[PDB]
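Data first, discussion second: the structure below is written as structure tokens.
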Ligand SMILES: N[C@@](CCCC[B-](O)(O)O)(C(=O)O)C1CCN(Cc2ccc(Cl)cc2)CC1
Ligand SMILES: N[C@@](CCCC[B-](O)(O)O)(C(=O)O)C1CCN(Cc2ccc(Cl)cc2)CC1
Ligand SMILES: N[C@@](CCCC[B-](O)(O)O)(C(=O)O)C1CCN(Cc2ccc(Cl)cc2)CC1
Ligand SMILES: [Mn+2]
Ligand SMILES: [Mn+2]
Ligand SMILES: [Mn+2]
Ligand SMILES: [Mn+2]
Ligand SMILES: [Mn+2]
Ligand SMILES: [Mn+2]
């Protein structure tokens, strides 16, 4: 079992400085040793340097850094595509969540039947026509879903993207801050999700059962886990750009990762939105990065029973 | 759609200074905008000024401020009754919990078949003969329950109260600090409650299901939600006079409020016992008031899924 | 009902200074009054003074303080035996968890069909041949289980010990930090446990039901509750030597204790590993000691409903 680790220091998917230091903070929290201890054979690609784009003006007076986010994701997809083809399970460290455009596109290139577990306080499914922020980290799913493309206009730097996934192939877990147009999109296309409310009702065990039943109940498929650290309650993960009260507990996050591992199907994992500069202290920064390592390690087989 | 907001800066139901600043703190946390955004048509009655009573001596060498609490509740009942009769759902901001004597009486003046969901760490059902503190905020239910009246002596200032609400018409949620005579009363009159222990066992979904079955399982009834902020764990709501460890989680509180909304029957809501002066910091004060706004907003339709 | 309180300041079962002050901190947090209030007739044995052993060198260049731990446990066992035979339910305040060798041996001396509920983040079942720390507080179960005895070598000071528990007679609750050799031992001897993961899945109510089914499902047996404070999440019990994130909530801890009380079979209780010196503040120390008093009180009948 080989694991590739890729640092993707994206910040241009949003407006708050510092999320580009996420990958280093996660490494400093001891990621590599933890993965080695589980018996992972590791390839560290280091932190990628993405090619900047000159004069990357607003798109339609609203969407920020479209060409930069586009090109960085194109380059990221290439590295992800290569690593999977060489047989690595791919861990990408963020960086803001717009990089899921790149990792999922790269992952899907040769594994078009992949499925997605998107763990997040947010749906990240605004389109360029519904976003109220202009921040691409709140739009990545819209570029990836096949059924939505008639409603997603073409952004500069995005033409290389071929929507690779059906709306029945993504399940959300932990949603509690959803824009009305996203709610419309989720219902209109029958996209399955388990909000914090669904977790309160069902418990995390049944949520995972039903998640896997929806996605792999009929056939084995490579799993893409896109994990936004803000899925966790801000008391546990404060160092992040859009914290929302009432998130996953520590145990719930571990349980999710444990079940991901137990399928035997994890093929790629994003760990995004850790922003050490948004912590009010270095303990808060470190606790967030430490939590990130716990998720990744649990996702690759670390247990709570030895 | 119409919602009335009434500030009741009640402190004489207890002895700790500052709870009378509860309504202002909740307003400053943005209550009105939150209600407006949900589509509530709003009438703000402002903060009431209650008529003082001269020489309001202890009753029986124990019960404090009886006439002041009695008259203030009489005046509050008049305002609530008027607002409910004009078609408003009535939100009352406290202030200590003795004001539920006024809001429930006033509410019942219009809607006599109302039922009550009492969310609280405490039962608040001591009588003047059982109270060990003399504080009327730990007695209000005793003046309201029809089955108890012959064990409830007549206090000065209380003669206007005609308690018409049956013991089968109130359900408690969150109880963990119950005085022995209150335990006796709950058992002797077969009053239903879900303690923190019951929540631990059943989970909050089943608790709400069973609550509504008991209250509205046979017929539709207007619901009075009397929500003591101290139902929440002290970590989440520190700014309150009688905090008790082991309370509701944030998610549990939201879920209760959501189920209240989903009945379509909410006719009045109390949000009581926020005391900004008991916070160790402005942050603890603001988090408590923000939490109060979350409960109220969720009770009137705010969701965690957009 | 009669309860004996025994202070056991031991701290030679591990390497961190200050756990020997655990009993005084628990007493100072109001233990005796809380117990009196429940109707417990109390005998206070005070804090025992254990006979020191000179030149108590490492065993096999690894195991620390063996004769000291051996002798202190012999002396503790005598006191527990005497108290149980004289009709007391026995509360032993620690002190590190190696003293369970003594309390369980003393208890089993005249109640040989006793069963054990071990509430702990850890399995405490390393042997002198598997421990990586040499600390006896992480080995006590190995000296107590009949089935393990041919693989547990003879330590100086330990010859008085006669293993008094079959592997089907102990159930663990709360495990999240288990050494691989301990995991091997647990599976190899089919010792039943409920990890934090099991609690996440089943809920604490089902965990307790199944716990009692296994232990007392066919016959009534005296119950020995060995409660390591570190079973609780570190946010609730920070003053302890080996904290592990993702522990029991406050409510879960109370629920365990309530269910122990509800069997009517509790015969002895250990409350171990409170180390007030490990708190970063006096507040952190007191909250840990207060939590310890809450467990003990709930185990002898304190309720959350009056
Ligand atoms: N839905 C979001 C949040 C996206 C977060 C992206 B992620 O990747 O961390 O899930 C988007 O930008 O599209 C926002 C949309 C609406 N805004 C509301 C808001 C914006 C600014 C302020 Cl000051 C207060 C409130 C915040 C959430
Ligand atoms: N049951 C109470 C508390 C009710 C709180 C009212 B509410 O509205 O906040 O639910 C009452 O005054 O009737 C009290 C009755 C008993 N006392 C016990 C006590 C009093 C003082 C102290 Cl310092 C320590 C303990 C505290 C609770
Ligand atoms: N299993 C333990 C801990 C048992 C704790 C006993 B108790 O009573 O508090 O449950 C043992 O000493 O046997 C240890 C075994 C392994 N070590 C790992 C470790 C040791 C030292 C350091 Cl600095 C970092 C990690 C710590 C736990
Ligand atoms: Mn997010
Ligand atoms: Mn996201
Ligand atoms: Mn209360
Ligand atoms: Mn109250
Ligand atoms: Mn232990
Ligand atoms: Mn332990």
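Every residue, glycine among them, receives a Cβ derived from its backbone with ideal geometry; neighbour counts consider all protein chains shown. Just so it is clear, none of the values below were taken in a lab; they were calculated from the coordinates.
Key figures
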| read-out | value |
| --- | --- |
| Residue that is within 16 Å of ligand 8 (Cβ to nearest atom) and either under 24 Å from residue C:216 (Cα atoms) or more than 14 Å from chain B (Cβ to nearest Cβ) (or both), where the choices are C:303, C:240 | C:240 |
| Positions within the stretch B:253-283 being in a helix (DSSP H, G or I), surrounded by fewer than 23 Cβ atoms within 10 Å (Cβ to Cβ) and within 14 Å of chain A (Cβ to nearest Cβ), in sequence order | B:258, B:259, B:261, B:262, B:283 |
| Residues (surrounded by 17 or more Cβ atoms within 10 Å (Cβ to Cβ) and either part of a loop (DSSP other than H, G, I, E, B) or within 13 Å of chain A (Cβ to nearest Cβ) (or both)) located in the stretch B:201-220 | B:203, B:204, B:207, B:208 |
| Odd one out for residue C:147, checked against (1) touching a residue at least 24 places away in the same chain (Cβ under 8 Å); (2) part of a loop (DSSP other than H, G, I, E, B); (3) farther than 20 Å from residue C:270 by Cα | (2) |
| All positions within the stretch B:118-147 that are more than 13 Å from ligand 7 (Cβ to nearest atom) and over 19 Å from residue B:66 (Cα atoms) | B:146, B:147 |
| Selection from the stretch A:172-185 of residues that are in a helix (DSSP H, G or I), facing chain B (nearest Cβ under 8 Å) and surrounded by 21 or more Cβ atoms within 10 Å (Cβ to Cβ) | A:182 |
| Options B:81, B:98; residue that is away from ligand 4 (no atom under 16 Å from the Cβ), more than 14 Å from chain C (Cβ to nearest Cβ) and free of Cβ contacts under 8 Å to residues at least 40 places away in the same chain | B:81 |
| From the options B:261, B:224, residue that is more than 16 Å from ligand 3 (Cβ to nearest atom) and farther than 29 Å from residue A:177 by Cβ | B:224 |
| Where residue B:57 falls short, out of the listed (1) without any contact (Cβ under 8 Å) to a residue 12 or more places away in the chain; (2) crowded, with 24+ Cβ neighbours inside 10 Å | (2) |
| Residues being in contact (Cβ under 8 Å) with a residue 40 or more places away in the chain and in a loop (DSSP other than H, G, I, E, B) - total across the stretch C:284-306 | 5 |
| Hits in the stretch A:221-245 - residues which are surrounded by 23 or more Cβ atoms within 10 Å (Cβ to Cβ) and closer than 22 Å to residue C:234 by Cβ | A:229, A:231, A:232, A:233, A:237, A:239, A:240 |
| From C:169, C:226, residue being away from chain A (no Cβ under 13 Å) and more than 25 Å from residue C:291 (Cα to Cα) | C:169 |
| Check on residue A:39, more than 16 Å from ligand 8 (Cβ to nearest atom), surrounded by fewer than 22 Cβ atoms within 10 Å (Cβ to Cβ) and within 14 Å of another protein chain (Cβ to nearest Cβ) | yes |
| Top-ranked residue in the stretch C:186-198 [being within 25 Å of residue B:196 (Cα to Cα) and more than 8 Å from chain A (Cβ to nearest Cβ); ranked as farthest from the chain's Cα centre (by Cα)] | C:198 |
| Selection count, the stretch A:103-126, where residues are more than 14 Å from chain B (Cβ to nearest Cβ) and either within 16 Å of ligand 2 (Cβ to nearest atom) or more than 20 Å from residue A:295 (Cβ to Cβ) (or both) | 8 |
| Hey, residue C:51 more than 16 Å from ligand 6 (Cβ to nearest atom), more than 19 Å from the chain's Cα centre (by Cα) and on the phi < 0 side of the Ramachandran plot or not | yes |
| Which listed residue is out of contact with any helix residue (DSSP H, G or I) (no Cβ under 6 Å at 6 or more places or on another chain) and in contact (Cβ under 8 Å) with a residue 24 or more places away in the chain, from C:216, C:191, C:204 | C:216 |
